[PDB]
Structure formats: structure tokens, C-alpha cells
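Trainee: See my_file.csv below, with CSV, C-alpha atoms.
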```csv
chain,number,residue,atom,x,y,z
A,1,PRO,CA,0.0,0.0,0.0
A,2,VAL,CA,0.7,3.7,-0.4
A,3,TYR,CA,-0.5,6.1,2.3
A,4,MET,CA,-0.7,9.7,1.1
A,5,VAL,CA,-0.7,11.7,4.4
A,6,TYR,CA,-1.7,15.4,4.1
A,7,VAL,CA,-0.5,17.7,6.9
A,8,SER,CA,0.4,21.3,7.4
A,9,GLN,CA,4.1,22.5,7.3
A,10,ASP,CA,5.8,22.4,10.7
A,11,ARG,CA,3.1,20.6,12.6
A,12,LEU,CA,5.1,17.4,12.7
A,13,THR,CA,8.8,17.6,13.5
A,14,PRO,CA,10.9,15.0,11.6
A,15,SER,CA,10.7,12.9,14.7
A,16,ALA,CA,6.9,12.5,14.7
A,17,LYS,CA,6.7,12.0,10.9
A,18,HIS,CA,8.6,8.8,11.7
A,19,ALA,CA,6.3,7.9,14.5
A,20,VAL,CA,3.2,8.4,12.3
A,21,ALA,CA,4.7,6.4,9.4
A,22,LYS,CA,5.6,3.7,11.9
A,23,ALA,CA,2.1,3.7,13.4
A,24,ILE,CA,0.4,3.6,10.0
A,25,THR,CA,2.8,0.9,8.7
A,26,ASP,CA,2.5,-1.4,11.7
A,27,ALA,CA,-1.3,-1.1,11.8
A,28,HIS,CA,-1.3,-2.2,8.2
A,29,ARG,CA,0.9,-5.2,8.5
A,30,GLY,CA,-0.7,-6.3,11.8
A,31,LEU,CA,-4.2,-6.2,10.4
A,32,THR,CA,-3.7,-7.3,6.8
A,33,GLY,CA,-0.5,-9.4,6.7
A,34,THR,CA,1.2,-7.4,4.0
A,35,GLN,CA,4.9,-7.2,4.8
A,36,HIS,CA,6.5,-4.1,6.3
A,37,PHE,CA,8.6,-2.8,3.3
A,38,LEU,CA,5.5,-2.9,1.1
A,39,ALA,CA,3.9,0.1,2.9
A,40,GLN,CA,4.9,3.5,1.7
A,41,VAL,CA,4.0,6.6,3.7
A,42,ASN,CA,4.4,9.8,1.7
A,43,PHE,CA,3.9,13.0,3.7
A,44,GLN,CA,2.5,15.9,1.7
A,45,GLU,CA,3.0,19.2,3.6
A,46,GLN,CA,1.3,22.5,2.8
A,47,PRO,CA,1.3,25.9,4.4
A,48,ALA,CA,-1.0,26.6,7.3
A,49,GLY,CA,-4.3,27.9,5.9
A,50,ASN,CA,-4.7,25.6,3.0
A,51,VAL,CA,-7.4,23.5,4.6
A,52,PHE,CA,-11.1,24.4,4.7
A,53,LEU,CA,-13.9,22.7,6.5
A,54,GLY,CA,-17.4,23.9,5.5
A,55,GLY,CA,-15.7,26.8,3.7
A,56,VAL,CA,-14.1,27.8,7.0
A,57,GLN,CA,-10.3,28.0,7.0
A,58,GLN,CA,-8.4,25.8,9.5
A,59,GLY,CA,-5.0,26.1,11.2
A,60,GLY,CA,-2.3,23.4,11.2
A,61,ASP,CA,-3.9,20.6,13.2
A,62,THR,CA,-5.8,18.6,10.4
A,63,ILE,CA,-4.4,15.3,9.1
A,64,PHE,CA,-6.0,13.5,6.1
A,65,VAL,CA,-4.7,10.0,5.6
A,66,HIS,CA,-5.6,8.6,2.1
A,67,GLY,CA,-4.6,5.0,1.7
A,68,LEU,CA,-4.3,3.4,-1.8
A,69,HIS,CA,-4.9,-0.3,-1.3
A,70,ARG,CA,-5.3,-3.5,-3.4
A,71,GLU,CA,-9.0,-4.5,-3.8
A,72,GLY,CA,-10.5,-7.5,-2.0
A,73,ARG,CA,-10.7,-6.7,1.7
A,74,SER,CA,-13.8,-7.3,3.7
A,75,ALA,CA,-15.6,-4.2,4.9
A,76,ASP,CA,-15.0,-5.5,8.5
A,77,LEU,CA,-11.3,-5.5,7.9
A,78,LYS,CA,-11.1,-2.0,6.3
A,79,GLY,CA,-13.0,-0.6,9.2
A,80,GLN,CA,-10.7,-2.0,11.8
A,81,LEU,CA,-7.7,-0.8,9.8
A,82,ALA,CA,-9.3,2.7,9.6
A,83,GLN,CA,-10.1,2.9,13.3
A,84,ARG,CA,-6.6,1.7,14.2
A,85,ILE,CA,-5.0,4.3,12.0
A,86,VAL,CA,-7.1,7.0,13.6
A,87,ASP,CA,-6.1,5.9,17.2
A,88,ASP,CA,-2.5,5.2,16.5
A,89,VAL,CA,-1.8,8.3,14.5
A,90,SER,CA,-3.6,10.3,17.2
A,91,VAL,CA,-1.1,9.3,19.8
A,92,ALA,CA,1.9,9.2,17.5
A,93,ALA,CA,1.2,12.8,16.4
A,94,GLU,CA,-0.2,14.0,19.7
A,95,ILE,CA,-3.4,15.2,18.0
A,96,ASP,CA,-7.0,14.5,18.9
A,97,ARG,CA,-9.0,11.9,16.9
A,98,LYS,CA,-11.4,14.7,15.8
A,99,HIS,CA,-8.6,16.2,13.7
A,100,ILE,CA,-8.0,12.9,11.7
A,101,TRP,CA,-9.6,11.9,8.4
A,102,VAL,CA,-9.1,8.5,6.8
A,103,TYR,CA,-10.1,7.5,3.3
A,104,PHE,CA,-9.3,4.3,1.3
A,105,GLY,CA,-9.1,3.9,-2.4
A,106,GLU,CA,-8.9,0.3,-3.8
A,107,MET,CA,-7.3,-0.8,-7.1
A,108,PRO,CA,-6.8,-4.1,-9.0
A,109,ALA,CA,-3.5,-5.7,-8.0
A,110,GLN,CA,-2.5,-6.1,-11.6
A,111,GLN,CA,-2.2,-2.3,-12.1
A,112,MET,CA,-0.1,-1.9,-9.0
A,113,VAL,CA,3.7,-1.5,-9.2
A,114,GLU,CA,6.1,-1.2,-6.2
A,115,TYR,CA,9.9,-1.3,-6.4
A,116,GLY,CA,9.5,-1.5,-10.2
A,117,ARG,CA,7.7,-4.8,-9.8
A,118,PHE,CA,4.1,-5.8,-10.2
A,119,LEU,CA,2.2,-7.1,-7.2
B,1,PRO,CA,-16.3,14.7,0.8
B,2,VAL,CA,-12.7,15.7,0.4
B,3,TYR,CA,-11.7,17.9,-2.5
B,4,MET,CA,-8.0,17.9,-3.4
B,5,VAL,CA,-7.5,21.1,-5.3
B,6,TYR,CA,-4.2,21.4,-7.2
B,7,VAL,CA,-3.0,24.9,-8.1
B,8,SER,CA,0.2,26.8,-8.6
B,9,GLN,CA,1.8,28.8,-5.9
B,10,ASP,CA,0.7,32.5,-5.7
B,11,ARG,CA,-2.1,32.2,-8.3
B,12,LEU,CA,-4.7,32.4,-5.6
B,13,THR,CA,-4.4,34.9,-2.8
B,14,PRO,CA,-5.6,33.8,0.6
B,15,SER,CA,-8.8,35.6,-0.3
B,16,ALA,CA,-9.7,33.6,-3.4
B,17,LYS,CA,-8.7,30.3,-1.8
B,18,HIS,CA,-11.6,31.0,0.5
B,19,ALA,CA,-13.9,31.9,-2.4
B,20,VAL,CA,-13.0,28.6,-4.2
B,21,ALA,CA,-13.5,26.5,-1.1
B,22,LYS,CA,-16.8,28.3,-0.6
B,23,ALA,CA,-17.9,27.7,-4.2
B,24,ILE,CA,-16.9,24.1,-4.1
B,25,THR,CA,-18.5,23.5,-0.7
B,26,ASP,CA,-21.8,25.2,-1.6
B,27,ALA,CA,-22.1,23.4,-4.9
B,28,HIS,CA,-21.7,20.1,-3.1
B,29,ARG,CA,-24.3,20.7,-0.4
B,30,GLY,CA,-26.8,22.3,-2.7
B,31,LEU,CA,-26.7,19.4,-5.2
B,32,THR,CA,-26.1,16.4,-2.9
B,33,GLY,CA,-27.6,17.4,0.5
B,34,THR,CA,-24.4,16.6,2.5
B,35,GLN,CA,-24.1,19.1,5.3
B,36,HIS,CA,-21.6,22.0,5.0
B,37,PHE,CA,-19.0,20.9,7.6
B,38,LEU,CA,-18.6,17.5,6.0
B,39,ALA,CA,-16.8,19.0,2.9
B,40,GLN,CA,-13.1,19.4,3.2
B,41,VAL,CA,-11.2,21.5,0.6
B,42,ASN,CA,-7.4,20.9,0.8
B,43,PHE,CA,-5.4,23.2,-1.5
B,44,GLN,CA,-2.2,21.7,-2.8
B,45,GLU,CA,0.1,24.4,-4.2
B,46,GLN,CA,3.2,23.7,-6.3
B,47,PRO,CA,5.7,26.0,-8.1
B,48,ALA,CA,4.9,27.4,-11.5
B,49,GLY,CA,6.1,25.0,-14.1
B,50,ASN,CA,5.1,21.7,-12.5
B,51,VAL,CA,2.1,21.1,-14.8
B,52,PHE,CA,2.4,19.6,-18.3
B,53,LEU,CA,-0.3,19.2,-20.9
B,54,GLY,CA,0.7,16.9,-23.8
B,55,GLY,CA,4.3,17.1,-22.6
B,56,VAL,CA,4.1,20.9,-22.9
B,57,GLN,CA,4.9,22.9,-19.7
B,58,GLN,CA,2.3,25.3,-18.4
B,59,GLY,CA,2.3,28.5,-16.4
B,60,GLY,CA,0.2,29.1,-13.2
B,61,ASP,CA,-3.3,29.1,-14.5
B,62,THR,CA,-4.4,25.4,-14.3
B,63,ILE,CA,-6.6,24.1,-11.5
B,64,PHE,CA,-7.2,20.3,-11.1
B,65,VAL,CA,-10.1,19.6,-8.7
B,66,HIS,CA,-10.1,15.9,-7.6
B,67,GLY,CA,-13.1,15.1,-5.4
B,68,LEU,CA,-13.2,11.9,-3.2
B,69,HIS,CA,-16.8,11.0,-2.8
B,70,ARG,CA,-19.0,8.3,-1.2
B,71,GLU,CA,-20.3,5.8,-3.8
B,72,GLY,CA,-23.9,5.6,-5.0
B,73,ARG,CA,-24.6,8.8,-6.9
B,74,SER,CA,-26.4,8.8,-10.2
B,75,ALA,CA,-24.4,9.7,-13.3
B,76,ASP,CA,-26.8,12.6,-13.8
B,77,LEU,CA,-26.0,14.0,-10.4
B,78,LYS,CA,-22.2,13.7,-10.6
B,79,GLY,CA,-22.3,15.5,-14.0
B,80,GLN,CA,-24.3,18.4,-12.6
B,81,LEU,CA,-22.0,18.7,-9.6
B,82,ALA,CA,-19.0,18.6,-12.0
B,83,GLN,CA,-20.3,21.3,-14.3
B,84,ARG,CA,-21.3,23.5,-11.3
B,85,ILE,CA,-17.8,23.2,-9.8
B,86,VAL,CA,-16.3,24.2,-13.1
B,87,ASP,CA,-18.5,27.3,-13.4
B,88,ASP,CA,-18.4,28.3,-9.8
B,89,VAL,CA,-14.7,27.9,-9.4
B,90,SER,CA,-14.2,29.8,-12.7
B,91,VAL,CA,-15.8,32.9,-11.3
B,92,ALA,CA,-14.5,32.5,-7.7
B,93,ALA,CA,-10.9,32.2,-9.0
B,94,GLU,CA,-11.3,34.6,-12.0
B,95,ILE,CA,-10.1,31.9,-14.4
B,96,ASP,CA,-11.6,30.6,-17.6
B,97,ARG,CA,-13.4,27.3,-17.6
B,98,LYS,CA,-10.8,25.9,-20.1
B,99,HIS,CA,-8.2,26.0,-17.3
B,100,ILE,CA,-10.3,23.8,-15.0
B,101,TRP,CA,-10.2,20.0,-14.7
B,102,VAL,CA,-12.6,18.0,-12.4
B,103,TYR,CA,-12.3,14.3,-11.6
B,104,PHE,CA,-14.3,12.3,-9.0
B,105,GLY,CA,-13.2,9.2,-7.2
B,106,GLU,CA,-15.8,7.1,-5.3
B,107,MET,CA,-15.4,5.0,-2.2
B,108,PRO,CA,-17.6,2.8,0.0
B,109,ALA,CA,-18.8,4.8,3.0
B,110,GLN,CA,-17.7,2.2,5.4
B,111,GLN,CA,-14.0,3.0,4.7
B,112,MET,CA,-14.5,6.7,5.0
B,113,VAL,CA,-13.6,8.6,8.3
B,114,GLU,CA,-14.2,12.3,8.9
B,115,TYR,CA,-13.6,14.0,12.3
B,116,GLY,CA,-12.3,10.7,13.6
B,117,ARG,CA,-15.8,9.2,13.0
B,118,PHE,CA,-17.0,6.8,10.3
B,119,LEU,CA,-19.7,7.9,7.9
C,1,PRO,CA,-5.7,11.1,-18.1
C,2,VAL,CA,-4.0,12.9,-15.2
C,3,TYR,CA,-0.7,11.6,-13.8
C,4,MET,CA,0.1,12.8,-10.3
C,5,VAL,CA,3.9,12.3,-10.0
C,6,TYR,CA,5.3,12.5,-6.5
C,7,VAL,CA,9.0,13.3,-6.2
C,8,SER,CA,11.4,15.0,-3.8
C,9,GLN,CA,12.4,18.6,-4.3
C,10,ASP,CA,15.6,19.2,-6.4
C,11,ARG,CA,15.9,15.5,-7.6
C,12,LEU,CA,14.6,16.5,-11.1
C,13,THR,CA,15.9,19.7,-12.7
C,14,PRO,CA,13.3,21.5,-14.8
C,15,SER,CA,14.9,19.7,-17.8
C,16,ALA,CA,14.1,16.2,-16.6
C,17,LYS,CA,10.6,17.0,-15.4
C,18,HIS,CA,10.0,17.7,-19.1
C,19,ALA,CA,11.6,14.4,-20.1
C,20,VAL,CA,9.5,12.5,-17.5
C,21,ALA,CA,6.2,14.2,-18.5
C,22,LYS,CA,7.2,13.5,-22.2
C,23,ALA,CA,7.9,9.8,-21.4
C,24,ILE,CA,4.7,9.3,-19.5
C,25,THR,CA,2.6,11.2,-22.1
C,26,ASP,CA,4.0,9.3,-25.1
C,27,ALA,CA,3.7,5.9,-23.3
C,28,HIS,CA,0.0,6.7,-22.7
C,29,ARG,CA,-0.9,7.8,-26.3
C,30,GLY,CA,1.1,5.0,-27.9
C,31,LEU,CA,-0.6,2.3,-25.9
C,32,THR,CA,-4.1,3.7,-25.4
C,33,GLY,CA,-4.7,6.0,-28.4
C,34,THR,CA,-5.8,8.9,-26.3
C,35,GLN,CA,-4.5,12.1,-28.0
C,36,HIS,CA,-1.4,14.0,-26.6
C,37,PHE,CA,-3.0,17.1,-25.2
C,38,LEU,CA,-5.4,15.0,-23.0
C,39,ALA,CA,-2.6,13.7,-20.7
C,40,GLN,CA,-1.8,16.0,-17.8
C,41,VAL,CA,1.4,15.4,-15.8
C,42,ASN,CA,1.3,17.2,-12.4
C,43,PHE,CA,4.6,17.0,-10.5
C,44,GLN,CA,4.1,17.1,-6.7
C,45,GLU,CA,7.5,17.9,-5.0
C,46,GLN,CA,8.1,17.5,-1.3
C,47,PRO,CA,11.3,18.0,0.8
C,48,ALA,CA,13.8,15.2,1.1
C,49,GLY,CA,12.8,13.0,4.0
C,50,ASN,CA,9.0,12.9,3.5
C,51,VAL,CA,9.0,9.3,2.1
C,52,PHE,CA,8.9,6.2,4.4
C,53,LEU,CA,9.3,2.6,3.3
C,54,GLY,CA,8.5,0.1,6.0
C,55,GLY,CA,8.6,2.9,8.5
C,56,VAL,CA,12.2,3.7,7.3
C,57,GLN,CA,12.9,7.2,6.0
C,58,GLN,CA,14.2,7.6,2.5
C,59,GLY,CA,16.3,10.1,0.7
C,60,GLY,CA,15.3,11.8,-2.6
C,61,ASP,CA,15.3,9.0,-5.2
C,62,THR,CA,11.7,7.6,-4.9
C,63,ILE,CA,9.1,8.4,-7.6
C,64,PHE,CA,5.4,7.5,-7.2
C,65,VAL,CA,3.4,7.8,-10.4
C,66,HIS,CA,-0.3,7.7,-9.7
C,67,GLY,CA,-2.4,7.7,-12.9
C,68,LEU,CA,-6.1,8.6,-12.9
C,69,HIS,CA,-7.7,6.9,-15.9
C,70,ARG,CA,-11.1,6.4,-17.5
C,71,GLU,CA,-12.5,2.9,-16.7
C,72,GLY,CA,-12.7,0.1,-19.2
C,73,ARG,CA,-9.2,-1.0,-20.1
C,74,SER,CA,-8.2,-4.6,-20.2
C,75,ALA,CA,-5.8,-5.8,-17.5
C,76,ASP,CA,-3.3,-6.7,-20.3
C,77,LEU,CA,-3.3,-3.1,-21.5
C,78,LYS,CA,-2.9,-1.5,-18.0
C,79,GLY,CA,0.0,-3.8,-17.3
C,80,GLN,CA,1.8,-2.9,-20.5
C,81,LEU,CA,1.2,0.8,-19.8
C,82,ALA,CA,2.6,0.4,-16.3
C,83,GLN,CA,5.7,-1.5,-17.3
C,84,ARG,CA,6.4,1.1,-20.1
C,85,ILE,CA,6.0,4.0,-17.6
C,86,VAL,CA,8.5,2.3,-15.2
C,87,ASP,CA,11.0,1.8,-18.0
C,88,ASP,CA,10.6,5.1,-19.7
C,89,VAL,CA,10.6,7.2,-16.6
C,90,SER,CA,13.6,5.2,-15.4
C,91,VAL,CA,15.7,6.4,-18.3
C,92,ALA,CA,14.1,9.9,-18.6
C,93,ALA,CA,14.9,10.5,-14.9
C,94,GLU,CA,18.2,8.6,-14.7
C,95,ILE,CA,16.8,6.5,-11.8
C,96,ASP,CA,16.7,2.7,-11.3
C,97,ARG,CA,13.4,0.9,-11.8
C,98,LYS,CA,13.5,-0.2,-8.2
C,99,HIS,CA,12.9,3.4,-7.1
C,100,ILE,CA,9.7,3.7,-9.2
C,101,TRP,CA,6.1,3.0,-8.1
C,102,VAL,CA,3.1,3.0,-10.4
C,103,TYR,CA,-0.6,2.9,-9.3
C,104,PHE,CA,-3.7,3.4,-11.5
C,105,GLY,CA,-7.1,4.7,-10.3
C,106,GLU,CA,-10.1,4.3,-12.7
C,107,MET,CA,-13.2,6.5,-13.0
C,108,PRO,CA,-16.4,6.6,-15.1
C,109,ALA,CA,-15.8,8.9,-18.0
C,110,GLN,CA,-19.0,10.8,-17.3
C,111,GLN,CA,-17.5,12.3,-14.1
C,112,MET,CA,-14.3,13.3,-15.8
C,113,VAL,CA,-13.7,17.0,-17.0
C,114,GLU,CA,-10.7,18.2,-18.9
C,115,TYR,CA,-10.4,21.7,-20.3
C,116,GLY,CA,-13.7,22.5,-18.7
C,117,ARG,CA,-15.3,19.9,-21.0
C,118,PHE,CA,-16.7,16.4,-20.1
C,119,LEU,CA,-15.1,13.4,-21.7
```
Translate this structure into C-alpha cells?
Mentor:
Amino acid sequence: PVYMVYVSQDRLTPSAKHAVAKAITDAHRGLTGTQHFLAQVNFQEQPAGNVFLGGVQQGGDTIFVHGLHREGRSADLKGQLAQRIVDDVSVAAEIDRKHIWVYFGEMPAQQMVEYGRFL
Amino acid sequence: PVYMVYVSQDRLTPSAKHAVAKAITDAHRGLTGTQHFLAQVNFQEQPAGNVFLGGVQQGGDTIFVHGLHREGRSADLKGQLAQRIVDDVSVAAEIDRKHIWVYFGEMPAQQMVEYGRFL
Amino acid sequence: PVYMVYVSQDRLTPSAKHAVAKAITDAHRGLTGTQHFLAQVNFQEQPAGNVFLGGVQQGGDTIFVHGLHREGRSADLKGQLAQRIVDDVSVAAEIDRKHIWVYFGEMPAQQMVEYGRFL
């Protein structure tokens, strides 16, 4: 999987980025069985003031986690993996759950390349 | 919904970002019935010269709006919501429709978390 | 199509960005038949140290290519287009295949707007 993680600049020190990528990655391997090195976490920073909720401009505390997964996971599984990302990122970032969004997009495995190799 | 809005740095003042998030958000609630606060608009700026159309490098006037929606919307509806985003962003940004791209990705609601809560 | 190409800041000079957008674009038109000007390549740069593989922090050499396509392409086709992007970007960027990830997301054409016009 590839987890696109959208945060504001300077809300996560370099040591907290690592804790959030670690939390996300572990949650994914512990609940799905996909090996460690197959989970990419790509942080996308933006300046404070680039997030809007109901047309209202936010500060720096929002995190949107967008996971791009292979298809074929029960709804039960994907829900557990979402809740666990919310909780684990919440601690690993020192941020309340309310500031944490999690979306999953699914793809056929045969159009999914990691390390230059197909799944 | 979450609308990832991809623009070049310094093409939208802070007051125009707000107008575009407002336009997008209103279009979504007026056509779908999802409440205001449930629509995130996340602007993603990049330097001028990071967009290519047919391998040809562009300036700062392109906007790509990528909406991430819950599944289960008629094709008629999604088309109206796309046209309305094109038109409303065009005015709210002072930019011609030709410079505006709009893509929607759909997801099951049960893998969709906002404010730390499932849909 | 729209190809979101995620790289680290200052790993691609401006002249290499153009070669990668050219490689991607040509691969897409040669294998699908979609005309040139319909392929957007949007580079998304981030600072070195924003990519994590298995919770381990990377330098600047990773490239994630995320294509957003219209639905309805055989699996055979999408695989050829993925391999060809891997190989062609590898040369056009001077980067080993191992550092290159490629994911495709598919959408209904009727929710897909380019140049302010529906597909």
C-alpha cells in the first residue's frame, strides 16, 4: 500500500513523521499481513491555511490519511484498519482523533507496481 | 467529501482560496444534501512550471479539482456537480473554464472517516 | 488522463521534469490511443525525508506515479502501460526501476472533466 498523508508544514517535526509512518505501517501489517517494506508513507505538507472545513479556514492541526490499497478486503477489515490508524496516529502525532480523516481507495493488483515490480 | 484542489503557488491569494473552497462546498451541499462541515477543501500548491499538458509545460493558471466521494450517486447527479464546480470555481478564481479540470473518485462509505468518525 | 507524479524537491531539474512528462505522455498515447493534449502530468514535489518505506525514512530518489484513468481498459493493457512507464521514466529521470512505483485509479468517463469539458 501507499498512504498519502496530508498535513500542514511544521506541525510534525521530523521525529513524529517517523512515529506516524511507523504507526500507520504497523497497523497495516498487523491487520492485513502485508509485509513491512511494502507500505509507503508519503507525507504531503502544505502551508498553514490551505485546509477548509465547510468553507471555514483551518489552522495546522488537520491530518488527512488517504490509503491506496489493493482490492478485495472485507468491509469489517477495512473498518478495523481505519479505526486503528485514527487511534495510532492520534497518539503518534499528539493530536485528537477529531482532527484525523481516513479514506481508502482500492485498485486491482495487476495495475499496482512497487519497487519497479508488479504485485 | 474531500476535494483535493491542485493549483500553482501565488495564483490564488488567501482571499480567493476561501472563495473557491466556498464555491466548491456550496455546490456540493446544494446538489447532494451533504451538510456543510462535511466537505473538506485541501489546496495543494506547487511551483509554477510543475504542470504539463501533452508534454508541454504550463504556467500558473491550471486548476485540477479531484473530489473523493462516497459511492452511490447517479451519473446525472455527478455530472451536474462537476459542471457546477467548473462554473463556480471559474468565477470564484477569476479563471476561464478551459483551465479547470474536475475528476471524481468514489469509495464505500464504510471505509470513510471524517472527524475521527465513520460515515 | 491525469498523472500525479510524487518526487522529492531538487531531484529533477526543470529539464528532466519535461523528459518524464514526455515519457509518461508518449507511453500513454502510444498504448491507449488517447491524444497527446489529453494527458496531464502534475509533479508534486516535497522535501527530502518525506517518504517512508516500512517505517524507514528515504532520501530523494523515490518516484510514485499515480495515474487517474477512465475505466474500461483490459488488464493486459494497463499492465503494459505500467511497465512502459516504469522503464521510460527510469531512463528519462536517470533512476533505477527499483525506485519507481506506479498505481492506477479508474473512474467513469461521465465524471471526468478536462479543459472545462466532459469526456
Trainee: Can you check which parts of chain C lie within 7 Å of chain A? Per residue, the shortest pair of atoms and distance in Å to one decimal, counting only C-alpha atoms, sorted by chain and number, as CSV.
Mentor:
```
residue,atom,partner,partner_atom,distance
C:46,CA,A:44,CA,6.6
C:50,CA,A:43,CA,5.1
C:51,CA,A:42,CA,4.6
C:52,CA,A:41,CA,5.0
C:53,CA,A:40,CA,4.8
C:54,CA,A:37,CA,4.0
C:55,CA,A:22,CA,4.6
C:75,CA,A:110,CA,6.8
C:78,CA,A:111,CA,6.0
C:79,CA,A:111,CA,5.8
C:82,CA,A:111,CA,6.9
C:86,CA,A:116,CA,6.4
C:97,CA,A:116,CA,4.9
C:98,CA,A:115,CA,4.2
C:99,CA,A:115,CA,5.6
C:100,CA,A:116,CA,5.3
C:101,CA,A:114,CA,4.6
C:102,CA,A:113,CA,4.7
C:103,CA,A:112,CA,4.8
C:104,CA,A:111,CA,5.9
C:105,CA,A:107,CA,6.4
```
Trainee: List as a VMD selection string: which residues have an atom within 6 Å of (5.1, 10.4, -8.7), counting all atoms listed in the file?
Mentor: chain C and resid 4 to 7 63 to 65
Trainee: Rounded to one decimal in Å, what is the spacing between atom CA of residue 48 of chain C and atom CA of residue 12 of chain C?
Mentor: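 One can read the atom CA of residue 48 of chain C to atom CA of residue 12 of chain C distance as 12.3 Å.
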Trainee: Quick one, how far is atom CA of residue 74 of chain A from atom CA of residue 32 of chain A?
Mentor: 10.6 Å
Trainee: Considering all atoms listed in the file, state which residue in the set C:83, C:9, C:72, C:31 is at the smallest distance from residue 49 of chain C.
Mentor: C:9
Trainee: Find the distance between atom CA of residue 77 of chain A and atom CA of residue 73 of chain B and write it in Å to one decimal.
Mentor: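 So the two atoms, atom CA of residue 77 of chain A and atom CA of residue 73 of chain B, lie 24.5 Å apart.
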Trainee: Of the residues A:87, A:61, A:96, A:76, which is the one nearest to residue 47 of chain A, using all atoms listed in the file?
Mentor: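 So, comparing all the options, the nearest one is A:61.
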Trainee: How about completing segment 91-107 of chain A with N, CA, C and O atoms and giving it to me as a PDB file, keeping the file's coordinate frame?
Mentor:
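Output contents, as saved in result00.pdb:
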```pdb
ATOM      1  N   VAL A  91      -2.134   9.259  18.822  1.00  0.00           N
ATOM      2  CA  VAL A  91      -1.100   9.300  19.800  1.00  0.00           C
ATOM      3  C   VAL A  91       0.275   9.608  19.182  1.00  0.00           C
ATOM      4  O   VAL A  91       1.062  10.376  19.750  1.00  0.00           O
ATOM      5  N   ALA A  92       0.578   9.017  18.020  1.00  0.00           N
ATOM      6  CA  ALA A  92       1.900   9.200  17.500  1.00  0.00           C
ATOM      7  C   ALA A  92       2.159  10.613  17.032  1.00  0.00           C
ATOM      8  O   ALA A  92       3.317  11.040  16.966  1.00  0.00           O
ATOM      9  N   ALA A  93       1.099  11.368  16.763  1.00  0.00           N
ATOM     10  CA  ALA A  93       1.200  12.800  16.400  1.00  0.00           C
ATOM     11  C   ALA A  93       0.913  13.719  17.566  1.00  0.00           C
ATOM     12  O   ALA A  93       1.139  14.923  17.426  1.00  0.00           O
ATOM     13  N   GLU A  94       0.414  13.214  18.693  1.00  0.00           N
ATOM     14  CA  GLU A  94      -0.200  14.000  19.700  1.00  0.00           C
ATOM     15  C   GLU A  94      -1.203  15.008  19.169  1.00  0.00           C
ATOM     16  O   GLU A  94      -1.040  16.225  19.146  1.00  0.00           O
ATOM     17  N   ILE A  95      -2.296  14.414  18.696  1.00  0.00           N
ATOM     18  CA  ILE A  95      -3.400  15.200  18.000  1.00  0.00           C
ATOM     19  C   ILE A  95      -4.679  14.409  18.324  1.00  0.00           C
ATOM     20  O   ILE A  95      -4.712  13.176  18.311  1.00  0.00           O
ATOM     21  N   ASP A  96      -5.746  15.149  18.616  1.00  0.00           N
ATOM     22  CA  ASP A  96      -7.000  14.500  18.900  1.00  0.00           C
ATOM     23  C   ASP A  96      -7.603  13.806  17.684  1.00  0.00           C
ATOM     24  O   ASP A  96      -7.426  14.248  16.546  1.00  0.00           O
ATOM     25  N   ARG A  97      -8.317  12.707  17.943  1.00  0.00           N
ATOM     26  CA  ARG A  97      -9.000  11.900  16.900  1.00  0.00           C
ATOM     27  C   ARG A  97      -9.812  12.801  15.983  1.00  0.00           C
ATOM     28  O   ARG A  97      -9.891  12.566  14.774  1.00  0.00           O
ATOM     29  N   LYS A  98     -10.464  13.811  16.554  1.00  0.00           N
ATOM     30  CA  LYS A  98     -11.400  14.700  15.800  1.00  0.00           C
ATOM     31  C   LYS A  98     -10.645  15.371  14.633  1.00  0.00           C
ATOM     32  O   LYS A  98     -11.308  15.765  13.671  1.00  0.00           O
ATOM     33  N   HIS A  99      -9.326  15.539  14.706  1.00  0.00           N
ATOM     34  CA  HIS A  99      -8.600  16.200  13.700  1.00  0.00           C
ATOM     35  C   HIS A  99      -8.052  15.252  12.595  1.00  0.00           C
ATOM     36  O   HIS A  99      -7.199  15.653  11.791  1.00  0.00           O
ATOM     37  N   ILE A 100      -8.550  14.013  12.550  1.00  0.00           N
ATOM     38  CA  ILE A 100      -8.000  12.900  11.700  1.00  0.00           C
ATOM     39  C   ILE A 100      -9.009  12.345  10.806  1.00  0.00           C
ATOM     40  O   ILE A 100      -9.982  11.735  11.267  1.00  0.00           O
ATOM     41  N   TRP A 101      -8.768  12.462   9.496  1.00  0.00           N
ATOM     42  CA  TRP A 101      -9.600  11.900   8.400  1.00  0.00           C
ATOM     43  C   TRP A 101      -8.904  10.718   7.788  1.00  0.00           C
ATOM     44  O   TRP A 101      -7.682  10.742   7.605  1.00  0.00           O
ATOM     45  N   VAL A 102      -9.656   9.676   7.429  1.00  0.00           N
ATOM     46  CA  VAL A 102      -9.100   8.500   6.800  1.00  0.00           C
ATOM     47  C   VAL A 102      -9.978   7.966   5.704  1.00  0.00           C
ATOM     48  O   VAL A 102     -11.112   7.557   5.978  1.00  0.00           O
ATOM     49  N   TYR A 103      -9.466   7.944   4.464  1.00  0.00           N
ATOM     50  CA  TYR A 103     -10.100   7.500   3.300  1.00  0.00           C
ATOM     51  C   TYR A 103      -9.314   6.366   2.600  1.00  0.00           C
ATOM     52  O   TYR A 103      -8.100   6.496   2.476  1.00  0.00           O
ATOM     53  N   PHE A 104      -9.962   5.328   2.085  1.00  0.00           N
ATOM     54  CA  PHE A 104      -9.300   4.300   1.300  1.00  0.00           C
ATOM     55  C   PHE A 104      -9.745   4.236  -0.106  1.00  0.00           C
ATOM     56  O   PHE A 104     -10.954   4.168  -0.351  1.00  0.00           O
ATOM     57  N   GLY A 105      -8.810   4.222  -1.048  1.00  0.00           N
ATOM     58  CA  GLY A 105      -9.100   3.900  -2.400  1.00  0.00           C
ATOM     59  C   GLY A 105      -8.508   2.524  -2.778  1.00  0.00           C
ATOM     60  O   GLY A 105      -7.355   2.233  -2.439  1.00  0.00           O
ATOM     61  N   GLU A 106      -9.304   1.699  -3.466  1.00  0.00           N
ATOM     62  CA  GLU A 106      -8.900   0.300  -3.800  1.00  0.00           C
ATOM     63  C   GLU A 106      -8.631   0.244  -5.329  1.00  0.00           C
ATOM     64  O   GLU A 106      -9.234   0.954  -6.138  1.00  0.00           O
ATOM     65  N   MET A 107      -7.709  -0.651  -5.691  1.00  0.00           N
ATOM     66  CA  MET A 107      -7.300  -0.800  -7.100  1.00  0.00           C
ATOM     67  C   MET A 107      -7.087  -2.331  -7.345  1.00  0.00           C
ATOM     68  O   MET A 107      -6.771  -3.100  -6.429  1.00  0.00           O
TER      69      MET A 107
END
```
